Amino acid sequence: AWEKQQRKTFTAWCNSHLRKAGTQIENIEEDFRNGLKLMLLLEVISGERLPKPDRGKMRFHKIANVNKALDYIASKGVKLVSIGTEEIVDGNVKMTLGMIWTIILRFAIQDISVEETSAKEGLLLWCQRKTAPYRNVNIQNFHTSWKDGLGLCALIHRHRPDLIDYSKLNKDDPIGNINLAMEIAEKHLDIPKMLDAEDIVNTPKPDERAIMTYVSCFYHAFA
């Protein structure tokens, strides 16, 4: 169930940046094979210029573009262990997801710094701080603590109490709470809906990379 969740969230996330450059992806397992939109994604999120892309359709042109992407990422202190150009070009689902996770981590999460605490840990602390007043919320992690929708509704309410009546909410309708939160964030905070509520609720432990990805948008939307 983790691939399904990551596929939705990572794609939605990539799309939240690609739109700023006039394009989208649809199918993440194929839409980065040629390197073109992968390079473009890196430009948008970094604000840096990558080398000019190769629009040739053969494998060798794709390898060149993907290497422009991966070399750039490695220039930003990202150690690529088992992510390989050939398999991105050829189309490996797992590795594509992992590569996009690595970019999300580096560019959406790594630089989050809260009370001398950075990255995942720093994002976690910010969440805990913003949700401390909410007795029906207990953020310990980026999976089970977000399952019931209240964490997300609390982050919204904390910054924008005008968008949500939090006191009406409870644990009884986790699918509704998540959708509510995603609807408000989409409509008012310019954060596309990146989670499938159904997947999140119906799994003992939802995917933490996906959850982190989405929660990082709230962090950036508010700061």
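Note that residue numbering follows the sequence shown and begins at 1.
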| query | finding |
| --- | --- |
| Mean Cα B-factor comparison, 98-106 or 75-83, giving the higher one as deposited | 75-83 |
| Per the entry, higher mean C-alpha B factor between 111-119 and 132-140 | 132-140 |
| Criterion, highest CA B-factor; candidates, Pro51, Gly176, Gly35, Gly47 | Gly176 |
| Member of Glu26, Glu43, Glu183, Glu29 with the greatest C-alpha B factor (per the PDB record) | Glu183 |
| Position of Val66 among the chain's modelled residues by C-alpha B-factor, lowest, middle or highest third | lowest |
| CA B-factor ranking of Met39, expressed as a third of its chain | lowest |
| Assigned third (lowest, middle, highest) for the C-alpha B factor of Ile211 | middle |
